[PDB]
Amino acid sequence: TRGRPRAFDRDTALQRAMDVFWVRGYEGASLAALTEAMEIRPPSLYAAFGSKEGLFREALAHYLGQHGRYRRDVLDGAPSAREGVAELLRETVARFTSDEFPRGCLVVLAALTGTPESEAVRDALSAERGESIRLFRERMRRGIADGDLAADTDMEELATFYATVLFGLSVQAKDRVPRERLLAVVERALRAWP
């Protein structure tokens, strides 16, 4: 394919952008900040990502596949729905309090409110939080078939509860609540299990 070769690694630039979105949220991540962290100039970013909303949408998918695969892994890899939900919440808290990533979950922190211009992005993360509930719900559905959860168990109710705790754990992580306290928060939420 003809053309001057690309001088930057696309995946790296995508990763460095998702880090900026993770800390500053979608609207607070300015083009000056994105091009600096990515170590590229604006027209390069627009040639590769089309627009800031397109950059965020690619950054979001990158985040989900690199910081969201562990969710299904520990969920499906558990012998019961309870221990799967337990292990996911413990892994999530350890990740939320790691010295190697921004604190909390991008999906929760990046765009809760904002200008009406960015409503598509907010609806996107909204949809992605509905997936967090659906993820818990699917695992519980397997718990019913395996026998570790009761047949009449209201899966939506129970999934929605642990997604509430999970979303709340992003705010507490952002507020720098110590890891020991959040793991105890997880243990207390597990007491609510049927």
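The first residue of the shown sequence is 1; numbering continues from there.
Once the C-alpha B-factors are averaged per stretch, 165-173 and 132-140 rank with 132-140 first. The mean Cα B-factor in the deposited entry runs higher for 42-50 than for the other of 156-164 and 42-50. Ranked within its chain, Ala120 lands in the middle third, by CA B factor from the PDB record. Ranked within its chain, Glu180 lands in the lowest third, by CA B factor from the PDB record. Annotation for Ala17: CA B-factor lies in the middle third of the chain's modelled residues.
Sort the modelled residues of the chain by CA B factor and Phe56 lands in the middle third.
In the deposited entry, the Cα temperature factor of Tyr70 places it in the highest third of its chain's modelled residues.
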